[PDB]
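J.: If you scroll down you'll find the structure; I have some questions about it.
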Amino acid sequence: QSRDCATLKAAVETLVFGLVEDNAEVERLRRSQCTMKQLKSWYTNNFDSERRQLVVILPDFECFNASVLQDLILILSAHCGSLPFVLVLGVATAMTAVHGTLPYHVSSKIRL
Amino acid sequence: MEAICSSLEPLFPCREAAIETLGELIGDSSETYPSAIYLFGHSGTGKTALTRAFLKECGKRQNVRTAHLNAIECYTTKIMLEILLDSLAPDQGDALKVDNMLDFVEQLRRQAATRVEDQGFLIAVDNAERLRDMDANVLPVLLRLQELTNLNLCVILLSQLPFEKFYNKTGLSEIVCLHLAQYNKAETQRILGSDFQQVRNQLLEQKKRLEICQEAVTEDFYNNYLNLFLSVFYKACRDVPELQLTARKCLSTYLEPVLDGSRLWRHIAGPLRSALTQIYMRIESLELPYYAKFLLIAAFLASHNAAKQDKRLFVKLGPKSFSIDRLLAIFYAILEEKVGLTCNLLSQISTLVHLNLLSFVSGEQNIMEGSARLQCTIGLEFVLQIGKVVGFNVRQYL
Amino acid sequence: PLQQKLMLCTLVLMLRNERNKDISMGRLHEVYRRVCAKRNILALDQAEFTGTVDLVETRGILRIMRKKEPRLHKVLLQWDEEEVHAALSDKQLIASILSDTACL
Amino acid sequence: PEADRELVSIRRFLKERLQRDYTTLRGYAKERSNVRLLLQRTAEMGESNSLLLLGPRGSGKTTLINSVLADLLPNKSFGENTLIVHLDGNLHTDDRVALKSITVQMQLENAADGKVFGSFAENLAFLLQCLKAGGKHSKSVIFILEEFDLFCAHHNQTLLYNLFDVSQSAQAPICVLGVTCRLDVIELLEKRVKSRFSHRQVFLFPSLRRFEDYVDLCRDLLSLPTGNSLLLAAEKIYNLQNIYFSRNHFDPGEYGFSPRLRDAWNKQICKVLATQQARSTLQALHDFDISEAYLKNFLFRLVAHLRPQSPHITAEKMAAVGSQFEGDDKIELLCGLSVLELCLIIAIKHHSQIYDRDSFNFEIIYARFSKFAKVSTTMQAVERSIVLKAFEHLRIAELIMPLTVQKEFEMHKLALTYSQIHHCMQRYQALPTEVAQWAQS
Amino acid sequence: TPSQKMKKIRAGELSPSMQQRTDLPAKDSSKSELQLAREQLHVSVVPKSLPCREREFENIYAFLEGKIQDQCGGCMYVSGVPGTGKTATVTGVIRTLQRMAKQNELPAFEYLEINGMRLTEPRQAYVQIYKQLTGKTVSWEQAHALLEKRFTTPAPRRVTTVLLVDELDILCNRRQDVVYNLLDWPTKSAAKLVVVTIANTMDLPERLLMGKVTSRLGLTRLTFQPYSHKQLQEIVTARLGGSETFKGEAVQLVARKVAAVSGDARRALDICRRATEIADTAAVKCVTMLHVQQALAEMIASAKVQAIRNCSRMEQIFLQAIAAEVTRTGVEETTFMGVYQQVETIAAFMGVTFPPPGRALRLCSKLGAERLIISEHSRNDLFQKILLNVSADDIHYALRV
DNA sequence: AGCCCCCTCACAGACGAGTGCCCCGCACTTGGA
DNA sequence: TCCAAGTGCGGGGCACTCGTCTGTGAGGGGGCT
Ligand SMILES: Nc1ncnc2c1ncn2[C@@H]1O[C@H](COP(=O)(O)OP(=O)(O)OP(=O)(O)O)[C@@H](O)[C@H]1O
Ligand SMILES: Nc1ncnc2c1ncn2[C@@H]1O[C@H](COP(=O)(O)OP(=O)(O)OP(=O)(O)O)[C@@H](O)[C@H]1O
Ligand SMILES: Nc1ncnc2c1ncn2[C@@H]1O[C@H](COP(=O)(O)OP(=O)(O)OP(=O)(O)O)[C@@H](O)[C@H]1O
Ligand SMILES: [Mg+2]
Ligand SMILES: [Mg+2]
Ligand SMILES: [Mg+2]
């Protein structure tokens, strides 16, 4: 949600905490130790033996900050190959807003 | 050092001299490494993939301990040092504790070994231009980590900027600058023609059509197709991945008269110039309420007109700034329906703000007091489309 | 001391012969260097001149507004010029510096 | 084969001499003597001293400290009576981190194999209590503070006030050597810390301003030494390793060269450095930077070219690495741009030439570009979207900088001179005729 | 183990010892007379009686003897520039009073001392005073509660406790409660506290203290004037003794050159030690005028002209162009663009070609690390600001001559 | 005969040091087990 | 012999705060067709 993603640090903590607590709900760690290192260790510990995708739902795409969104897309695109990420969006207005709020270097790594 | 180059030359055509230079510098692990290497270029030049495959081959063939980062993940230094010490000192578990740079330097000093096993360490920090936007004592320490830790390590940095943007007030150490030049048209044609075998296997694995598809899909035909493609798309972009992902689709369009039984430049030059308008879009009618449409065109008329021009029209150098009372006055002037001021209209103003169709150029904390300013961020053709689906001509009030 | 007397002399000279009251440490040092070069007195470096001004600051004659770099610190005189003339008690020197306005 | 293994051994010897070998200096017959006599009179008599090595970044400051310590520590009267505490301004970025490092390195009673207990105040009280309880019958502590101005930028300079208070008191005979690059570091101190500091300063300006000393240094850095010199150097390095750098040091006892190979290599090095092209390359490098790290970087990148196909060092390789150094990087980024970004840069150059370095926009530059694109007959039907993406590509490579609103109405600045664009117009490959005609007018 | 070590350190039961030398220290007979003058000129060796600090000694001794023999408590404020015999005179007065209280000439007392520049926060003063009362380290709130229980309540026979507070200006914070508590306890009748505070600035009670704190601090001030030319020769000639190692004009020139800059005694006692160390290397036994002049040149150093002489060629061209741009456009804060334009003009004049701005930014960063100029981060190239940190005449003196 | 165009001055914003406050980890630890 | 959870306390993140600094919107002042 856009309300819990004011900074990049809070958005990464919200993402890793949401994935780990989705795992704990389907089958408590503090938010200080919610990083991509712990997420990669947990995904290598649990789901490598079976691929389970990691879906990141963004319901309000327009209400997000621009810089936090671009750094989040670059973070999720940096970790592909090791963690299977699928991204869906919730864009309300049109596709021109998507192509306008995403710069050249961010849209270089997008297959929408 | 030649085995790594011989293993990297098939995977990276037309990248010969960079692989030879990186095999001179950090090729063999018995020789000492330079203090820091900084190779840079444009987007799509192939530096993340090149150093990633180079680090994988060095960790596979020799006794080095590689590491690969990304400096957008490292918003503070502790995460960066924990990832570095997980990669450089493996299989330690959750009992790895790094508080600052000093504990990291001591725990790397503990990894020193003898002079017979010929060990090395290799750190690659992708998106290095963020390293100058953090706590300011990570860049010189990353430059002189070989002298500090007294190890045989090299710190590789990857960015799109030259190194002239990295100097601070306190100064930096010495670095080995390396440039990855972008390809011209012939080398881009060779790179786009490298995947001819995968193209032929994909067109074989998907019947007189397939039997005629096997006889003329060959190397010279694909070379003429890539020549006709690069004769029209090289003007806009020189980047390899966009050209690959677009040349695949234009090839799938290009082949259909040859499979349906010059002779081909017009039939593709229609859709090639139709697809040049679809470059830089990676894609594989906006409905609004009535009063939201009128509020949107009233905000456009408030942003596109001067304050002194409103008195002549309504009485009966970007967009300008305006307050909410000006928007409401222009809306009730151009409405000619004279509805009341309810909750839903100001709620429509607020949800037009939250749809990024308006903005808050200033104020934004005293919105109720009236000192907040707005700014309309739409063009002219959407305003005229809204005015056509409503029936209100905006070409008069401009 | 002698160098503190010379610093106070050049500060009183710069506050007499110049309207705006923003006096940095670098401008005061560059006037003081010419004043010492005319008097055949061995001038100090900037790194010792800053310590000299900081030692005159303890008496209460000056007040230093702090900036980012030590050349930019603002020196504010907080006395009257007659109090400085009474405190220095070097009348043949302090009347010779304030008449030597060629260094400003 | 055997002619390849000699070249591999020569290249390995030269690279491990250029990168490693932290304890050998060249020159400084007075400064090294002053530092050595100061540390020796601290260790022997038990006097407390303060010192401040000053010099430019790139001279032998750390090498001088390592050479003095490597010549003093195997004395068995220095290494048994003294203990050395190294602190760095880049790693110890606070007061409590440096204080826990002092408490670990001095082996105090609350050390416990590298995990200090108590707070910052208890560590400070215990360190001052263990320093006050000493005298002239106690071990001498030698504090070595590198990046001294970063220690000057701490809270109240309070650690510095303690480190200069034991030096001016009847306590354990410490000796504080600061090593910094700022030539005006003494103006950052408070007046009490200024008073407690003994004002001796050692200046380490390099003695290779004249070009012949640069040529003799570049000749001494490439030549192979004899056998007896390598035995003596391996003896000294083994003596300082018997009792930190020495775990991974040069140690040249592993390499033994034939005398005919050494004489052929030194004859080739003198023959190459006696030419005019090599001296012109070294003259350009000496005009730029007379530092030692610049020449060692150039020599490392020249020695790394030694392959068994082209085994000898020639003047043409030196000229090639000199042209690798002397070239520009923003011009090499400018010739990698496509034609749309290049015509946008020409439109920006025209707007900045007309309006005399005024801030521009996307709409102004797009209007000036579309005034040309409608009559270009090769860039006729390019939209606003591709030009906006090309403007973003210019914005992310920092050829356009923001003045520090929408992205299409944000003001900007051109971050290039006009000579760089004029050279980009000459070095561009396959530039069409219309763009070259529009660039000149 | 951690637990018993912390419980025995915090309770003050183990000796905080320091390691001993394996080799025994040297003898006094093995030292030469120049070595004896070098060890007797140390700043650590305080004499048993201070020369030229007699009037302030009798002032503080009369004040403290009156406050001890009256058993009433009070406050004093001494002030002066660093190096002028403040703490040495105060501890000499306190040692004299302790020796008089040993001989049953004076009523006995306790002596507590704190320094504000070895405390991490001012509230740790409460931890230190109590540590000089009992020996046990506690938290600051419990130590403050125990000090308030000790001082405000009457308990005969209470002994007088003289509290010395060095570096008072560090105990001053936004709230000013520590200095208020230290200057407030003498104002009670049950607490026989006599506090003497030492500071550098003469106007500390008016500049940063509140009104009640400067009302409680009193008006019995004291000022330590700096050393003149005549007293700073007497100090060194009393330190050296009857040895003929230092000539008269050597000590006279040292005192005249030091007493004209600051009036510090540490500066003279370090310049004389450096002159002794210089004359040790010349294989002589006396300190002439030449070694003193060489030590005066070395200690009071000015090496911003040798640094410009020892720069490269392009950095001298860069400094000439920054000076010419400052001369042209009047104002001192320049931009890198006009600096590079004047660089190109000067390099066209001299004939040598200049590197592109990608290396001129490296030259500007190298001059900024050396603090010859003042420049920003290089992320805003061709628009960064440049101040000339050296004087514009130093460049002309370093390049013409 | 109300209107057209500069002046300017305390809010708006930034920003930057800088300093105190509150949450949070974390050993102590202790009366109990 | 140990121990579960309160708890006492230090440390870092954060938020206010004082001073500086600069745009600037609209009230105010001088001319107008
Ligand atoms: N010489 C080459 N031969 C074959 N493929 C190449 C070559 N150069 C690049 N590529 C292709 O380009 C891709 C590499 O993109 P990469 O991740 O390196 O972009 P990048 O350099 O990191 O750009 P940015 O820094 O802007 O993200 C690879 O998938 C590779 O197939
Ligand atoms: N006098 C010298 N003799 C031998 N080598 C030198 C000398 N001066 C510099 N060097 C070489 O320069 C390189 C850097 O030297 P050094 O580590 O002393 O610089 P530094 O002053 O410590 O740098 P910084 O102050 O930035 O840490 C070393 O590799 C060293 O070999
Ligand atoms: N009159 C004197 N006679 C002999 N020695 C002196 C005299 N004055 C100062 N000294 C020497 O100079 C040193 C000055 O120490 P002092 O106690 O004056 O420091 P301080 O003034 O308290 O410093 P600060 O003001 O920075 O706290 C002493 O070690 C002492 O040996
Ligand atoms: Mg990349
Ligand atoms: Mg160093
Ligand atoms: Mg004192």
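J.: For B:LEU286, work out the one condition from (1) in contact with a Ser or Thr (Cβ under 6 Å, 6 or more places away or on another chain); (2) within 14 Å of chain D (Cβ to nearest Cβ); (3) of a type in the set (A, V, I, L, M, F, W, C) it doesn't fulfil.
T.: Of (1) in contact with a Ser or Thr (Cβ under 6 Å, 6 or more places away or on another chain); (2) within 14 Å of chain D (Cβ to nearest Cβ); (3) of a type in the set (A, V, I, L, M, F, W, C), only one is false for B:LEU286: (2).
J.: While we're looking at this one, here's another question. Condition test on D:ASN75, is it closer than 22 Å to D:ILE237 by Cα, away from chain B (no Cβ under 14 Å) and among the polar types (S, T, N, Q)? Walk me through it before giving the result.
T.: Numbers: closer than 22 Å to D:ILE237 by Cα: yes; away from chain B (no Cβ under 14 Å): yes; among the polar types (S, T, N, Q): yes.
When the stated conditions are applied, D:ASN75 passes them.
J.: Just one of the numbered conditions (1) farther than 19 Å from E:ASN380 by Cβ; (2) within 13 Å of chain B (Cβ to nearest Cβ); (3) out of contact with any strand residue (DSSP E or B) (no Cβ under 8 Å at 6 or more places or on another chain); (4) outside any helix (DSSP H, G or I) is not true of D:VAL375; which one?
T.: (2)
J.: Would you call D:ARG57 among the basic types (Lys, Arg), within 14 Å of chain B (Cβ to nearest Cβ) and either more than 16 Å from DNA strand F (Cβ to nearest atom) or under 27 Å from D:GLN241 (Cβ atoms) (or both)? Steps first, please.
T.: Working: among the basic types (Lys, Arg): yes; within 14 Å of chain B (Cβ to nearest Cβ): yes; either more than 16 Å from DNA strand F (Cβ to nearest atom) or under 27 Å from D:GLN241 (Cβ atoms) (or both): yes.
Considered against the rule, which asks whether it is among the basic types (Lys, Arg), within 14 Å of chain B (Cβ to nearest Cβ) and either more than 16 Å from DNA strand F (Cβ to nearest atom) or under 27 Å from D:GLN241 (Cβ atoms) (or both), D:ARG57 comes out as yes.
J.: Residues in the range A:25-45: is at least one within 11 Å of chain B (Cβ to nearest Cβ) and under 28 Å from B:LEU357 (Cβ atoms)?
T.: no
J.: Looking at the range B:108-163 only, could you name the residues that are in a loop (DSSP other than H, G, I, E, B), within 10 Å of chain D (Cβ to nearest Cβ) and more than 26 Å from the chain's Cα centre (by Cα)?
T.: As a first pass, look at the range B:108-163 and keep what is in a loop (DSSP other than H, G, I, E, B): B:110-119, B:127, B:131-138, B:144, B:150-152, B:160-162.
Now restrict to residues that are within 10 Å of chain D (Cβ to nearest Cβ): B:112-115, B:135-138, B:144, B:150-152, B:160-162.
Scanning the range B:108-163 gives B:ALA112, B:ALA113, B:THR114, B:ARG115, B:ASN137, B:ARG144, B:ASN150, B:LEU151, B:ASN152.
J.: Pick out the one residue from E:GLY85, E:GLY135, E:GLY92 that is within 12 Å of another protein chain (Cβ to nearest Cβ) and more than 16 Å from ligand 5 (Cβ to nearest atom).
T.: On the way: E:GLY85 fails: within 12 Å of another protein chain (Cβ to nearest Cβ); E:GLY92 fails: within 12 Å of another protein chain (Cβ to nearest Cβ).
It is E:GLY135.
J.: For B:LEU317, all conditions in the list (1) within 14 Å of chain D (Cβ to nearest Cβ); (2) surrounded by 13 or more Cβ atoms within 10 Å (Cβ to Cβ); (3) part of a loop (DSSP other than H, G, I, E, B) hold save one; what is the number of the exception?
T.: Answer for B:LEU317: the failing condition is (2).
J.: Condition first: at the interface with chain D (Cβ under 8 Å from one of its Cβ atoms) and either over 18 Å from the mean Cα position of the chain (by Cα) or within 16 Å of DNA strand F (Cβ to nearest atom) (or both). Now tell me which residues in the range E:39-51 satisfy that.
T.: Hit for the range E:39-51 is E:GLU39, nothing else.
J.: Quick one: would you say A:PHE17 is under 28 Å from B:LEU158 (Cβ atoms) and away from ligand 1 (no atom under 16 Å from the Cβ)?
T.: Numbers: under 28 Å from B:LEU158 (Cβ atoms): no; away from ligand 1 (no atom under 16 Å from the Cβ): yes.
Spelling it out, it is not the case that A:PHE17 is under 28 Å from B:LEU158 (Cβ atoms) and away from ligand 1 (no atom under 16 Å from the Cβ).
J.: Looking at the range C:1-103, what helices (runs of 4 or more DSSP H) fall wholly within it and have at least 3 residues that are in contact with a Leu (Cβ under 8 Å, 6 or more places away or on another chain)? If you could, list the steps in order and put the result at the bottom.
T.: Numbers: elements: C:2-16, C:25-38, C:46-57, C:81-88, C:91-97.
Counting at least 3 such residues, we get C:2-16, C:25-38, C:46-57, C:81-88.
J.: Then there's this: For the range B:126-147, name all the residues that are among the small types (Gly, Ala, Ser) and more than 22 Å from A:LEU76 (Cα to Cα). If you could, list the steps in order and put the result at the bottom.
T.: Going through the range B:126-147, the residues among the small types (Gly, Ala, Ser) turn out to be B:128, B:136.
Passing the criteria: only B:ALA136.
J.: How many of the residues in the range B:164-183 are within 16 Å of ligand 4 (Cβ to nearest atom) and either among the β-branched types (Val, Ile, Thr) or outside any loop (DSSP other than H, G, I, E, B) (or both)?
T.: The initial filter retains those residues of the range B:164-183 that are within 16 Å of ligand 4 (Cβ to nearest atom), namely B:178-180, B:182.
When the remaining residues are screened for being either among the β-branched types (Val, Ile, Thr) or outside any loop (DSSP other than H, G, I, E, B) (or both), the result is B:178-179.
Final tally of qualifying residues: 2.
J.: Got a sec? Which of A:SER49, A:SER32 is loosely packed, with under 12 Cβ neighbours inside 10 Å and more than 25 Å from B:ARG130 (Cα to Cα)? Please lay out each step first, then the result.
T.: Working: A:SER32 fails: more than 25 Å from B:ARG130 (Cα to Cα).
A:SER49 is the lone residue from the list that is loosely packed, with under 12 Cβ neighbours inside 10 Å and more than 25 Å from B:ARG130 (Cα to Cα).
J.: Out of all the residues in the range E:133-181, which are in a strand (DSSP E or B) and in contact with a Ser or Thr (Cβ under 7 Å, 6 or more places away or on another chain)?
T.: We begin by selecting, within the range E:133-181, every residue in a strand (DSSP E or B); these are E:160-166.
Passing the criteria: E:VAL165, E:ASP166.
J.: Report the residue count in the range B:109-152 for those that are in contact with a strand residue (DSSP E or B) (Cβ under 6 Å, 6 or more places away or on another chain) and either among the β-branched types (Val, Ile, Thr) or more than 16 Å from ligand 2 (Cβ to nearest atom) (or both).
T.: Looking only at that region, the number is 10.
J.: In the range B:347-398, what residues are more than 20 Å from D:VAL405 (Cα to Cα) and among the hydroxyl-bearing types (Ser, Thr, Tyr)?
T.: Scanning the range B:347-398 gives B:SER347, B:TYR397.
J.: Where residues in the range D:96-108 are buried (at least 19 other Cβ atoms within 10 Å of the Cβ) and out of contact with any strand residue (DSSP E or B) (no Cβ under 8 Å at 6 or more places or on another chain), which of them is farthest from the other protein chains (Cβ to nearest Cβ)?
T.: The selected residue is D:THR103.
J.: Something else now. From the list E:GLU65, E:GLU54, E:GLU33, which residue is more than 22 Å from the chain's Cα centre (by Cα), surrounded by 15 or more Cβ atoms within 10 Å (Cβ to Cβ) and among the charged types (D, E, K, R)? Before the answer, list the steps.
T.: On the way: E:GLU54 fails: surrounded by 15 or more Cβ atoms within 10 Å (Cβ to Cβ); E:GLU33 fails: surrounded by 15 or more Cβ atoms within 10 Å (Cβ to Cβ).
So the residue among E:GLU65, E:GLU54, E:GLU33 that is more than 22 Å from the chain's Cα centre (by Cα), surrounded by 15 or more Cβ atoms within 10 Å (Cβ to Cβ) and among the charged types (D, E, K, R) is E:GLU65.
J.: Please name all residue pairs, on different chains or six or more residues apart, with Cβ atoms under 7 Å, provided the first residue is in the range C:54-74 and is within 10 Å of chain E (Cβ to nearest Cβ) and the second residue is of a type in the set (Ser, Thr, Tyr).
T.: Between residues of the range C:54-74 that are within 10 Å of chain E (Cβ to nearest Cβ) and residues that are of a type in the set (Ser, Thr, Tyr), the close pairs are C:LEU55/E:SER262; C:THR58/E:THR201; C:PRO70/C:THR50; C:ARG71/C:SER24; C:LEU72/C:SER24.
The rows are residues; the columns are (1) surrounded by fewer than 18 Cβ atoms within 10 Å (Cβ to Cβ); (2) in a helix (DSSP H, G or I); (3) aromatic (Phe, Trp, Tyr); (4) facing chain B (nearest Cβ under 8 Å).
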| site | (1), (2), (3), (4) |
| --- | --- |
| E:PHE354 | no, no, yes, no |
| E:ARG362 | no, yes, no, yes |
| E:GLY368 | no, yes, no, yes |
| E:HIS396 | yes, yes, no, no |
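J.: For the subset of the range C:51-99 comprising residues that are hydroxyl-bearing (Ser, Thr, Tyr) and surrounded by 12 or more Cβ atoms within 10 Å (Cβ to Cβ), which member is nearest to DNA strand G (Cβ to nearest atom)?
T.: Here is the first cut: in the range C:51-99, the residues hydroxyl-bearing (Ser, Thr, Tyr) are C:52, C:58, C:89, C:96, C:99.
When the remaining residues are screened for being surrounded by 12 or more Cβ atoms within 10 Å (Cβ to Cβ), the result is C:52, C:58, C:96.
Details: C:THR52: 24, C:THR58: 21, C:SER96: 35 Å.
Among them, the one singled out is C:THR58.
J.: Looking at (1) within 13 Å of chain A (Cβ to nearest Cβ); (2) aliphatic (A, V, I, L, M); (3) surrounded by fewer than 21 Cβ atoms within 10 Å (Cβ to Cβ), find the lone condition where B:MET80 falls short.
T.: Condition not satisfied by B:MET80: (3).
J.: Got at least one residue in the range B:276-289 being more than 27 Å from B:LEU384 (Cα to Cα) and of a type outside the set (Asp, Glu)?
T.: As a first pass, look at the range B:276-289 and keep what is more than 27 Å from B:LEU384 (Cα to Cα): B:282, B:284.
If we keep only those that are of a type outside the set (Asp, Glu) too, we end up with B:282.
Checked the range B:276-289: at least one residue is more than 27 Å from B:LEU384 (Cα to Cα) and of a type outside the set (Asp, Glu).
Matching residues to (1) closer than 27 Å to C:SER24 by Cα; (2) facing another protein chain (nearest Cβ under 10 Å):
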position	(1), (2)
E:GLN294	no, no
E:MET299	yes, yes
E:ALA303	yes, yes
E:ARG313	no, yes
E:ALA323	yes, no
E:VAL326	yes, no
E:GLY330	yes, no
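J.: Let me ask something else. For the range D:165-190, how many residues meet the condition of being away from DNA strand F (no atom under 16 Å from the Cβ), under 29 Å from the mean Cα position of the chain (by Cα) and not in a strand (DSSP E or B)? Break it down into steps so the answer makes sense when it comes.
T.: The initial filter retains those residues of the range D:165-190 that are away from DNA strand F (no atom under 16 Å from the Cβ), namely D:165-186.
Of the ones still in play, those that are also under 29 Å from the mean Cα position of the chain (by Cα) are D:175-186.
Adding the requirement that they be not in a strand (DSSP E or B) leaves D:181-186.
Number of matching residues: 6.
J.: Right, another one. Of the numbered conditions (1) away from ligand 3 (no atom under 13 Å from the Cβ); (2) buried (at least 18 other Cβ atoms within 10 Å of the Cβ); (3) under 19 Å from E:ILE129 (Cβ atoms), E:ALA190 fails exactly one; give the number of that condition.
T.: (2)
J.: Output the residues belonging to the range D:309-332 that are within 10 Å of chain B (Cβ to nearest Cβ) and not in a helix (DSSP H, G or I).
T.: D:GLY327, D:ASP328, D:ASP329
Note: ideal-geometry Cβ built from the backbone for every residue, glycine included; neighbour counts use all protein chains shown. Just so you know, all these numbers are worked out from the coordinates, no wet-lab data involved.
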